[PDB]
Every structure is written in structure tokens, then in C-alpha cells.
Amino acid sequence: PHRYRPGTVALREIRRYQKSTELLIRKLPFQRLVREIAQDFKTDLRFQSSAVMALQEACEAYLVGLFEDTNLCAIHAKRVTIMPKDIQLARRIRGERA
Amino acid sequence: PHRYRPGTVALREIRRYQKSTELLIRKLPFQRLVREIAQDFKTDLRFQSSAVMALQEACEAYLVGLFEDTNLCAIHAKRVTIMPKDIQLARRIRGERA
Amino acid sequence: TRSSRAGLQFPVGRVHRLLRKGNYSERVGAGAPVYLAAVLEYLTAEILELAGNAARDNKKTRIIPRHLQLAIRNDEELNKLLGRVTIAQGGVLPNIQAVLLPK
Amino acid sequence: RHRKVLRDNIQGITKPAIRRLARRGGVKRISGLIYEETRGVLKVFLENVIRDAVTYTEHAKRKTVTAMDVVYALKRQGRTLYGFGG
Amino acid sequence: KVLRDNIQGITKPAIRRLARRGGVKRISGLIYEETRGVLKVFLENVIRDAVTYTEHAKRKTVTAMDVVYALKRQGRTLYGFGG
DNA sequence: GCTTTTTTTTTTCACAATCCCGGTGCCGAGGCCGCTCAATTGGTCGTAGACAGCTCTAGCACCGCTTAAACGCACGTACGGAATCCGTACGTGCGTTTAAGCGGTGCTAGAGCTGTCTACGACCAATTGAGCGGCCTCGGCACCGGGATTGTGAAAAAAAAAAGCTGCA
DNA sequence: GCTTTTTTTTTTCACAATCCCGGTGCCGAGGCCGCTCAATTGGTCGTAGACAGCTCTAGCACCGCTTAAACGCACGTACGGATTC
Ligand SMILES: [Ca+2]
Ligand SMILES: [Ca+2]
Ligand SMILES: [Ca+2]
Ligand SMILES: [Ca+2]
Ligand SMILES: [Ca+2]
Ligand SMILES: [Ca+2]
Ligand SMILES: [Ca+2]
Ligand SMILES: [Cl-]
Ligand SMILES: [K+]
């Protein structure tokens, strides 16, 4: 029974997704999450579909790029597994977070 | 023969400078740098005194701030000593250099 | 006077002129510079009230850049408003990373 | 008005999808503790971006958030976005 | 020696003092040059803009405003010189 | 300097994954059309700013003292990081469950457009005190020394907790 | 049990730094002076935008089948991290 070495598929995924541009979050789950959060601020709101798409474009990009910063932060501490503290440093140096 | 252990004056010096507000770079050398660098964009430039001090508040401010972020990276790599690769990472993450 | 009408020290007149002139819009409502004076006045007062405390807490009668820096950096909300601002002669908040302290 | 109150949709942002985003960011190995932490971050992004869009809406008196509402809001957060007007 | 590389006028002692005020304890030797590099890029960027202001205003004297306006553009807003 | 294994390297096939083509089909890039409203023409009038001339501000050069800071060198402690070692958190793959997505269907809130009318804000001329710069004063605050007090640590001394050896039962 | 080492802990002494006394003198905050222009005013005019009414876009709900993806568990390797030096 054939079995790929841990990392060899992660590395493939890494190349698969860098080559592409389609959105990586499931479009309805995300849409439900937009609407849920928006209630906090105002009820019985409609969203243009383009406004929701504009939000999932702006989100995915923000995280995808935070994950870059975060990966350097893992590697800086001679690791390969990104950990919570990695994100938190990335965000503290970005100044998103006290 | 009284001898304080490594790092024990450091801490005094930290406490000391964090309590104070006074420029830490010598004012004349700084100024001689500001004219050296100004030449490369225009010759026979004169400066208001306060223009140089506006430049020097701004510089130290940046440097101090960068050192905080540098320290944080160095501590993130389970280290106590800041090194260039700390500065360079904190600048990579600030979006200052690619 | 207008500032007197609005309950304000800040000059509702002066503010109104800076808006027409200052390339913000073609026309300026009669409310805007009243409101705008009030908000500038509010924020001004919160910093001074906080920095005037920092002076007295250092037995000093005159407020200095350090007192403002301390007022401002210790107030979660004022810090965020002035997060990308540098206060000349403010200095920085005493703070030493824990893993550096002895033992 | 014909049923609209919302559930708990943050778990909709599945571990598969967070893993795919990390992949696009060139991340090879991911700790257990990332996925929940990521949702916190994502939530705080969205909360901030929608608050501001929702403001721009409430000002123009609309009950419909436009793409421009979201665009104007994103430029405000220093996250300028290209290809939905403006 | 002692000749016309004014950047070196930025002494180790002064670089040490900054990183102190920035809560730094133990400082690698390589850092005082890295710092020197970084400081220059900082000034280059700010001063280029400040003098770009100067040349536009048709003057030979760099004002404190010119710097203030430059520092705003670089996102390093400075209070207490004419803001 | 060996003899005996582990460590690292090599070569040989099996297998999955990705790559590249032509074929096929759908739809949106591209473009033509006809009508609109915004860019252009040609005119007028008023003032923003270019310009010359003069004022005096503050930037520069220089010099000669007095330190405080930079400097260079001796010395060693605490640090960075290399090397080892061990437990399991993570990746890979499977069978099972879920609901996203798809395309369609039916309803209407509300986005967005129109026309109407007036409340309000820009424009003006006349007046005038609020706030400007200039200048004088007087006490806050930097800096002084003496000595007590309290953090802040380093060394040296005591205690305890491991390291190695035992002397019977 | 004992003795014998490392390690850990406690105790004692040295030294900066703070705060309390005593002081002095400089320099700029503060506030008054005397002039000036920018804020105020009531008048006149034009149109911005409130409003109300009308159109019809597009946003929201609902369904049922298909199958791609998420899900959760078994399995073991290479990673993270502790320790040593
Ligand atoms: Ca075509
Ligand atoms: Ca199962
Ligand atoms: Ca209209
Ligand atoms: Ca009206
Ligand atoms: Ca005055
Ligand atoms: Ca006084
Ligand atoms: Ca006294
Ligand atoms: Cl108004
Ligand atoms: K503008």
C-alpha cells in the first residue's frame, strides 16, 4: 500500500493553491457569517451580492497574507509548524493588536 | 573589587532611559548626517534649527519603536540578544522592506 | 458670541471659516462647525484633564510633553486614536519584557 | 418579516478552508490551536469592516449595504480593494 | 581616518541607548551597522520628500513644516513642530 | 589499528500526480447603433499670483574654554546554538455523513429616479472686539549638597538533595 | 545508614537610586499693552435636497436532487522541545 511522506502533500496543496485564485472559503457559510455579524450593528439589512463577494475577497486576502507573516514567524523560531503565538507576534508587529 | 554580572547594568540603563525623554543621539553628528544626506537631493541647502530637531525626534522615535519589535522577535526565537535577522523580520512584517 | 451660544471655549466662528476655505465641500451647514468645535473641545479636555493629573502626580504645576505622552499611552482609547502619532519629548512607557527580568 | 435571525456560522469556516488559506500563504505544517485562533482573527476583521460599511449605509439612509459601502470601508482600514467599483 | 562618512558619527553608545529606551538587554555586535543602514534609509526617504517640498516652495531653506508634511506622507505623523 | 554494525548512499522498478493536446460548447468580449448630455467654442470680467523692491530674521562661520561622552583594552560570565534524545501531535488515507451548490421558482422591499418647492447657506458691505505680536515680571523649576532610606544584587555561607559506597540479614 | 558531592537555599554586605532636608538664580510662562483683521450682521438671491410618489431591479426565500467536500477515526513518522554541553 503506497503512502506519501508527511509534508509531500502539504507541499503539493501549497503549489496547487498558489497557482490558483478562486476563493477558498465555502461561499454560503461565509455569507451566513457576514449576515450574522452585521445584525450586531443593524437589523433587517440587505447586502448586494457584489458587497458580499467584495467582503470574501478582502477577507481571504487579509488572512492569506497574515499566514505568510505567520509562517516567517514560525521559521524565525526554527520551527515549521505555525502556532498561535506566531500569528500573535505577526499581528503585534503589524500593530493590529496591543 | 565590586563587579555587577552581565545584563545587570543593561537593566539599570533600560529603566533609566525609559524614565527619560531626552534625545539619545549626539545633536551635532546627527546634524552633519542630515546635511550629508540632504546634498544627494539638492546643493547649498539651509535648514531651520527646528527642522533638524523635527528630523531627530522622528528618527529616534522610529529606531526606539523598531528596537521594541526587534526585541520581541528575538524573545520569539527563545533568545535574549537582538540580532540583524530580528530587525529584518520586524521590518519585513511592518511592510518596510519586501 | 457663537462659541458662547454653543457652550464652548473653541471658536465656532474660526472653525466655520477653515471648513469653507479648506476644500472639504462647496457648502457648509450651520451645524457642522458647532458640532466640530464641540468634539475638538471634548477631546482636548480629556487629554488635559489626564495630563494635568500626570503633572500633579509628579508634584509639577506645568504640563510637559511627558505628561501628555503618559496621559495618552495609558488610555486604551486615546492610544488607538494616536497610535501612528509621535509626541516630541514624550518618551516611552516604562516597561521591561518579563523573560529579561532576573530569576 | 418571513424569518431571518442567524445561527452560529463561525464553524462554517471549516478546518479544511483555514488549511487551504494557510496553504496559499505557503504554510507547510499547522498546529491544532491555529483554527480557533484564526476564526477569532477573521471575526474581528469582519466585525470592523462591516461596522464601517454598515455606517456608510446608515448615513445614505439605505437598508442595503452596497459593494461601495464595503469598498469605502476597506480603504478606511488601509485595505484598498480593486474590482468592485470606486 | 575621521573623514566624511557622517553616518559613522552615530556612535555605538548612542545606538545602545536607543535600544535601551526600547527595552533591549543584550545587543549583538553586528547590529550597530544594521541600525546604521536602517537609519539612513529612514532619513533618505523623509528628507527626499521634505526637500521635494522645499524645491516646490521655491526656497533654499528646509523648514520644520517641510519635514512635518514629509513625515505625515511617510505615515510617521509628528506632533509639536507646527502640525 | 580492528572487527562488527549502524549510518548514509545508491540503484531498480511501481504508481501516482501533473502535464499537454485536441474536441466540444457556451457565453461574454467586442462592437455596432442610435441618441444624449457633457466637452467644446467664443465670449466676458475679475482677480490670483508673478514680479521688483526693500526689511530684517535667523542661519552660518568662527573661536576658545570645560567637561561629559566616546574610546580602547582586560577580562570572564552568561549566552547562543550544536548535538542528543524521547513522546506524540500532526499529516495521510480511508469509509461515512453532510450540505454546498446548482438551477429554478415566486414575491416584493427598497434602490433609485422624478418633479416640486422653500429653507438655508453663499454673497456682499460696514463695523469693531476678539485675538494677534510685542514686550516685561516674577516664581516654577533645574540644579545644588548632606545624609537617611530603600531598592537591587553579588558574594559567601548554610542547608538540602543527589551521588556513590557500603555492611548486614 | 553513611559519607561525599553537586545543587539549592539562605544570610549578609555593597552600592546604586530615591527622598528628605537645607539652598540659589535663570528664563520663559503668563499676562498686560496697543493695533488690526477676521468674525459678525442683516440684507438678497439661487438652488440643494427634503419629500413624496413612481418604477422595476435585484435581493431574499424555498425546493429537491447530485456529488463534492467535510467529517472522524486508525496509523506512524518527523517534528517540537527538553536537556546537555
Ligand atoms: Ca468576438
Ligand atoms: Ca467512519
Ligand atoms: Ca432634483
Ligand atoms: Ca430644505
Ligand atoms: Ca503672548
Ligand atoms: Ca508668573
Ligand atoms: Ca526645595
Ligand atoms: Cl448643519
Ligand atoms: K479635499
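Residues numbered from 1 in each chain as written, not as in the entry; some residues may be left out. Chains lettered and ligands numbered in written order. Part of a larger assembly, values for the part shown. Heavy atoms only, no water.

As recorded in the PDB header, X-ray crystallography is the method behind this entry, and the stated resolution is 3.200 Å.

Take the overall build of chain C next. Of regular secondary structure, chain C possesses five helices and one strand. Along chain C, helices (α) and strands (β) appear in the sequence α-α-α-α-α-β when read from the amino end. The C-alpha radius of gyration of chain C comes to 19 Å, more than 25% above the 13 Å expected for a compact globule of 103 residues. Projecting the C-alpha coordinates of chain C onto the three principal axes gives extents of approximately 65 × 30 × 20 Å. (Helix = DSSP H or I, 4+ residues; strand = E, 2+ residues; numbered from the N terminus. Rg over C-alpha atoms; globule rule 2.2 N^0.38 Å.)

Bringing the overall build of chain E into the picture now. Scanning chain E from terminus to terminus reveals three helices and three strands. Starting at the N terminus, the α and β elements of chain E follow one another as α-β-α-β-α-β. Over its C-alpha trace chain E gives a radius of gyration of 16 Å, far above what one expects of a compact globule, namely 12 Å for 83 residues. By principal-axis analysis of the C-alpha atoms, chain E measures approximately 45 × 35 × 15 Å. Counting every position in chain E, which comprises 83 residues, the buried fraction comes to 51%. (Buried < 20%, exposed > 50% of the residue type's maximum accessible area, 1.4 Å probe, protein only.)

Turning next to the protein's contact with DNA strand G. By nearness alone, 32 residues border DNA strand G, and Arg35 and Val80 of chain A, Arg17 and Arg62 of chain C together with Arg20 of chain D come closest of all. Backbone polar atom of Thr81 of chain A to a phosphate oxygen of DNA strand G: 3.0 Å apart, as the coordinates give it. A distance of 3.4 Å is found between a sugar or linking oxygen of DNA strand G and a side-chain nitrogen or oxygen belonging to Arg12 of chain B. Looking at the surface near DNA strand G, the elements that each hand over two or more residues are β1 (46-47) of chain A, α1 (8-19) of chain B, α1 (2-6) and α2 (12-21) of chain C together with α1 (15-24) of chain D. The element that contributes the greatest number of residues to the surface near DNA strand G is α2 of chain C, accounting for three residues. (Near = heavy atom within 4 Å. Polar contact = N/O pair within 3.5 Å; in protein donor to acceptor, adjacent residues only side chain to side chain.)

This paragraph deals with the interface of chain A and chain B. Note: interface size is frequently given as the accessible area lost on complex formation between the parts. Residue-level contacts link 14 residues of chain A with 14 residues of chain B. Its largest share of buried area at the contact with chain B, chain A owes to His76, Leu89 and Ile93 of chain A, together 50% of the area lost on that side. At the junction of chain A with chain B, the criterion picks out two salt bridges. Between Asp69 of chain A and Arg92 of chain B there is a salt bridge; the shortest N-O distance is 3.1 Å. Elements with a minimum of two residues in the side of chain A that touches chain B: α3 (49-76) and α4 (84-94) of chain A. The residue inventory of the side of chain A that touches chain B, partitioned by class, reads six nonpolar, one polar and seven charged. (Contact = heavy atoms within 4.5 Å. Buried area = accessible area lost by both parts, 1.4 Å probe. Salt bridge = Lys/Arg side-chain N within 4 Å of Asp/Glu carboxyl O. Nonpolar A, V, L, I, M, F, W, Y, C, P; charged D, E, K, R; others polar.)

Least-squares fitting of chain A to chain B yields an RMSD of 0.3 Å, with the superposition described by an axial translation of 0.1 Å and a rotation of 180°. A rotation of that kind, with that shift, is consistent with a two-fold axis. Ranked by how close their C-alpha atoms come to the rotation axis, the residues of chain A are headed by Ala77 of chain A, at 1.9 Å. Take the interface residues of chain A: 93% of them recur as interface residues in chain B, which is what a same-surface contact looks like. (Least-squares fit on C-alpha atoms.)

A few words now on the packing of helix α3 (residues 32-56) of chain C against helix α4 (residues 65-73) of chain C. Residue and element names in this part refer to chain C. For the pair α3 and α4, interaxial distance at closest approach is 8 Å and the crossing angle is 120°. α3 and α4 meet at a crossing whose hand is right-handed. Seen from α3, the contacting residues are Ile47, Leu50, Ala51, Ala54 and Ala55; seen from α4, they are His67, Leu68, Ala71 and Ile72. Residues belonging to the contact of α3 with α4 are distributed by class as follows: eight nonpolar, one polar and no charged. (Axes fitted to C-alpha atoms, helices over the stretch in contact; angles between N-to-C directions. Left-handed = near helix turned anticlockwise from the far one by under 90°.)

Attention shifts here to the environment of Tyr62 of chain B. Within the fold, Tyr62 of chain B resides in helix α3 (residues 49-76). Sequence spacing of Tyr62 of chain B and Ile75 of chain B is 13 residues, and the spatial spacing of their C-alpha atoms is 20 Å. Ignoring anything within four residues of it in the chain, the contact list for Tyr62 of chain B reads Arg91, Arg94 and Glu96 of chain B together with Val38, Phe42 and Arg76 of chain E.

In this assembly, 53 residues from chain B lie in contact with 49 residues from chain E. For the pairing of chain B and chain E, the buried interface totals around 4900 Å² over both sides, and the portion due to carbon and sulfur atoms is 71%. Among the residues of chain B in contact with chain E, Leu24, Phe41 and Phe67 of chain B are the three that bury the most area, contributing 12% of the side total. Two residues, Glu22 of chain B and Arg21 of chain E, come together in a salt bridge whose shortest N-O distance is 3.1 Å. Linking chain B with chain E are 18 residue pairs in polar contact. At 16 residues, α3 of chain B tops the list of elements feeding residues into the side of chain B that touches chain E.

Below, the discussion takes up the protein's contact with DNA strand F. The local shell around DNA strand F holds 55 residues, among which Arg32 of chain A, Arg5 and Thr81 of chain B, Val28 of chain C together with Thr64 of chain D are the closest. If you look at DNA strand F and keep only atoms within 4 Å of the protein, 97% of those are sugar or phosphate atoms. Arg35 of chain B places a polar side-chain atom, nitrogen or oxygen, 2.9 Å from a phosphate oxygen of DNA strand F. At the level of elements, α1 (8-19) and α2 (27-41) of chain A, β1 (46-47) of chain B, α2 of chain C, β1 (29-30) of chain D together with α1 (12-21) of chain E are the ones that each hand at least two residues to the surface near DNA strand F.

With that out of the way, let us pick up the arrangement of the chains. At the C-alpha level, the nearest point of chain B lies 13 Å from chain D, with no contact between them. Of all C-alpha pairs spanning chain C and chain D, none lies closer than 13 Å, and the two are not in contact.

Residues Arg66, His67, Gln69, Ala71, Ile72 and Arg73 of chain C constitute the buried set of α4 of chain C. Its buried side turned inward, α4 of chain C meets α1 of chain B together with α3, α5 (76-81) and β1 (86-87) of chain C.

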